[PDB]
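Worksheet for the structure shown next.
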Amino acid sequence: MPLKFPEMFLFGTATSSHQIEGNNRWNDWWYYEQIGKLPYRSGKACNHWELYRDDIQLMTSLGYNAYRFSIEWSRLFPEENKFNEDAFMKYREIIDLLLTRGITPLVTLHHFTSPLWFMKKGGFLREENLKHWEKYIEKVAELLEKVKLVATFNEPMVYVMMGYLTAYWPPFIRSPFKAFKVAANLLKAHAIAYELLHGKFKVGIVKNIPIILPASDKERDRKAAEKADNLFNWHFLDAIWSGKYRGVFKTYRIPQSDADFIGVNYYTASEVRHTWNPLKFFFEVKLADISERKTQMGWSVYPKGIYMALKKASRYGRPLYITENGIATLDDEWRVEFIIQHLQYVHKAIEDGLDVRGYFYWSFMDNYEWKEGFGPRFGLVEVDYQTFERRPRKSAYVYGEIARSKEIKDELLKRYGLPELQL
């Protein structure tokens, strides 16, 4: 018996816009890349902005019936109130292709990059800047007329953590007070989009949901993992419905809105231990050492985590999608295995009743992996950066067969799947 998925299930791949499109000259990343800040690698990416017609054909060729990608706001508004029709018609064009070829799109309105001019005004740190976000949404409601699935922000907490708490990404800030004010503004921004789009669209949000484990059995550490889990995951998502989001000193009041679906981005698990330092909110995080074999960034592979992530996320009573799941290796055999084992768990989730409607593999093709540059290869499709040649890997075909047939067959389960509980 093959592992069967529902007919309407989505088997797609995902990309952003700064990572694959080339020369995105108007966003904050491009800027810091160019001056050599951090941003310490630059891009012209996969030059998808030129080759999109081919990438879509290739995509249609492998048998994927869905594509998750994002619209670059800085392209539609290079500067203050200067709209751009070229960018508009081009994305509009990309959308048509997808539809005429039967690929269900899922569009992300914001995926880590913002227009430089917007950031110069302080970005989402300053609530007044939300008027700019509003203009963007109004214009994008026209651009997406054929699309059904929209997600406002891609991983808002990772966005907040990297650029405001950790100083790892633009604007390079290390401030708990500010990081929380930004999160509250992201929640307002989401509420603003939902209000403007929910009519004609299904408006969701995309959350990175790591599996957070205690570094030990001691209650001191168990309490610490729950706290960290609530702080990085549930308080932010709770706020969408409750309207309250607790900061360091304040509790921000935002209007209650909704999300028509929650996209779950799942990669690995983290271990948390208790600390005395309030600056670190009283806990230290490290990557969980679960699998003996590590990933290119040294992450563990923990297939069961995706089931747990979906389970925890179903608490909101909204349909779920795995909007991202992938692996960076130079060993594609490991990728086929990774994909299959995660799908076995995505399948058991469906079996246990969870409302999961799709799976998007993180990355149709290798691409710009932010601060880490081009070294990590998450792609089903290899990309030659000198030529821009797309060379599909074995995984691209295996996954292609799966998406096309809506099932994982015997041969594959036995070769790569997990034995126990079969499925």
Side-chain angles (χ1 to χ4, degrees), residues 6 8-10 12 14 66 68 106-111 148-161 180 183-199 201-213 225-247 251-267 269-270 304-325 342 345-360:
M8 296 282 255
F9 198 87
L10 295 182
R68 163 160 108 108
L106 187 161
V107 191
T108 315
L109 274 16
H110 192 262
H111 193 117
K148 261 49 174 182
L149 304 164
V150 188
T152 59
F153 295 94
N154 165 255
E155 301 185 344
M157 284 287 212
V158 169
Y159 179 68
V160 162
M161 164 186 271
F180 280 115
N185 286 326
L186 288 185
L187 287 162
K188 296 173 188 164
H190 173 78
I192 286 172
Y194 190 82
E195 187 116 68
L196 259 28
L197 302 158
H198 174 70
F201 309 88
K202 272 167 163 186
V203 185
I205 186 158
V206 170
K207 240 238 139 244
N208 172 82
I209 298 176
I211 288 300
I212 290 177
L213 315 156
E226 293 169 291
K227 173 173 161 172
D229 192 36
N230 285 158
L231 233 79
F232 189 85
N233 291 141
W234 321 116
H235 283 183
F236 179 89
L237 286 165
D238 278 356
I240 290 178
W241 291 279
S242 77
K244 352 249 187 304
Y245 180 78
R246 147 280 160 238
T251 286
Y252 307 79
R253 262 78 186 188
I254 154 186
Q256 324 184 331
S257 51
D258 204 343
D260 305 320
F261 65 84
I262 296 173
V264 177
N265 281 6
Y266 169 79
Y267 284 96
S270 290
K304 190 170 61 181
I306 201 163
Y307 176 84
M308 295 174 158
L310 256 359
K311 181 81 156 52
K312 288 177 154 173
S314 68
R315 64 178 72 177
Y316 302 109
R318 303 286 114 128
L320 303 154
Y321 292 84
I322 272 93
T323 42
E324 291 192 30
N325 176 61
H342 285 270
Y345 273 109
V346 173
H347 187 273
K348 158 149 235 67
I350 291 165
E351 256 40 53
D352 297 333
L354 279 25
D355 189 353
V356 195
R357 306 192 186 181
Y359 173 90
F360 290 77

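All values below come from the heavy atoms of this structure, side chains included, with hydrogens, waters and symmetry mates left out. Here, residue 1 is the first one in the sequence, and each next residue gets the next number.
With contacts defined as side-chain heavy-atom distances shorter than 4.5 Å, the pair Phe236/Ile205 qualifies. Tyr307 has its side chain out of reach of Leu310: every pair of non-hydrogen atoms, C-beta onward, lies at least 4.5 Å apart. Contact annotation: the side chain of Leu320 never approaches that of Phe261 to less than 4.5 Å [non-hydrogen atoms, C-beta and beyond]. Looking at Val203 and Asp258, their side chains never come closer than 4.5 Å, going by heavy atoms from C-beta outward. In this structure, the side chains of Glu155 and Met161 stay at 4.5 Å or more apart for every pair of heavy atoms. Using a 4.5 Å heavy-atom cutoff, the side chains of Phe232 and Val158 are in contact. For the pair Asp229 and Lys312, the minimum side-chain heavy-atom distance is below 4.5 Å. You'll find the side chain of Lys304 reaches within 4.5 Å of the side chain of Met308, heavy atoms only.
Atom NE2 of residue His190 and atom CG of residue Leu109 lie 11.0 Å apart, to the nearest 0.5 angstrom. Note that CG of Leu237 is 8.5 Å distant from CZ of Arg315, once rounded to the nearest 0.5 Å. Atom CG of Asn154 is separated from atom NE2 of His111 by 3.5 Å, given to the nearest 0.5 angstrom. In this structure, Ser257 OG and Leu187 CG are separated by 8.0 Å, a value rounded to the nearest 0.5 Å.
The backbone N or O of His110 sits nowhere less than 3.5 Å from a side-chain atom of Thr108 that would complete a donor-acceptor pair.
Using modelled atom types and a 3.5 Å distance limit, the side chains of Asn325 and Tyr359 yield a donor-acceptor pair. Remark: the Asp238 side chain and the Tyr245 side chain contain no N/O donor-acceptor pair separated by less than 3.5 Å. Side-chain contact of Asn185 with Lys188: a donor-acceptor pair under 3.5 Å is present, judged by distance alone. Under 3.5 Å, the side chains of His198 and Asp260 contain a donor-acceptor pair of N or O atoms. A side-chain N or O of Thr323 and one of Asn265 form a donor-acceptor pair less than 3.5 Å apart.
Under the 30°/60° scheme for interplanar angles, the aromatic rings of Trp241 and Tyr316 are found to lie parallel.
Taking every heavy atom of both residues into account, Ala193 and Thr152 meet most closely at CB-CG2, 3.7 Å. Contact detail for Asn208 and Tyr267: the closest heavy-atom pair is OD1-CD1, 4.2 Å. Residues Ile350 and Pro6 come closest through the heavy atom pair CD1-CD, 4.1 Å. The minimum heavy-atom distance between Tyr252 and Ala184, with the atom names listed, is CG-CB, 3.6 Å. Contact record, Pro255 with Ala191: O-CB, 4.3 Å, taken as the closest heavy-atom pair. Contact detail for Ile212 and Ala225: the closest heavy-atom pair is CG2-O, 3.4 Å.
Under 4.0 Å is where a charged nitrogen must lie from a carboxylate oxygen, and between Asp355 and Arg318 no such pair does.
Under the side chain to side chain contact (heavy atoms under 4.5 Å, CB included) criterion, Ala309 pairs with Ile209, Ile211, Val264, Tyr266, sequence neighbours left out. Applying the side chain to side chain contact (heavy atoms under 4.5 Å, CB included) criterion to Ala189, with sequence neighbours excluded, gives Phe124, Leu130, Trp133, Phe153.
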Please test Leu149 against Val107 for side-chain contact (heavy atoms from CB on, under 4.5 Å), starting from the C-alpha separation and ending with a verdict.
CA-CA 6 Å; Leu149 304 164; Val107 191; over 6 Å; no
Would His347 and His342 count as a side-chain contact (heavy atoms from CB on, under 4.5 Å) here? Give the steps.
CA-CA 9 Å; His347 187 273; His342 285 270; over 6 Å; no
side-chain contact (heavy atoms from CB on, under 4.5 Å) between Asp352 and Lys311, intermediate numbers included
CA-CA 10 Å; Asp352 297 333; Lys311 181 81 156 52; over 6 Å; no
Any chance you could lay out the side-chain contact (heavy atoms from CB on, under 4.5 Å) test for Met157 and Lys207, step after step, and finish with the verdict?
CA-CA 8 Å; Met157 284 287 212; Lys207 240 238 139 244; 3.9 Å; yes
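Around atom NZ of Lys148, more than 12 heavy atoms belonging to other residues, nucleotides or ligands sit under 6.0 Å away. Around NZ of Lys202, the count of heavy atoms belonging to other residues, nucleotides or ligands within 6.0 Å does not exceed 12.
With a 6.0 Å cutoff to the six-membered ring centre and a 45° limit on the axis angle, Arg246 counts as a cation-pi contact of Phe180.
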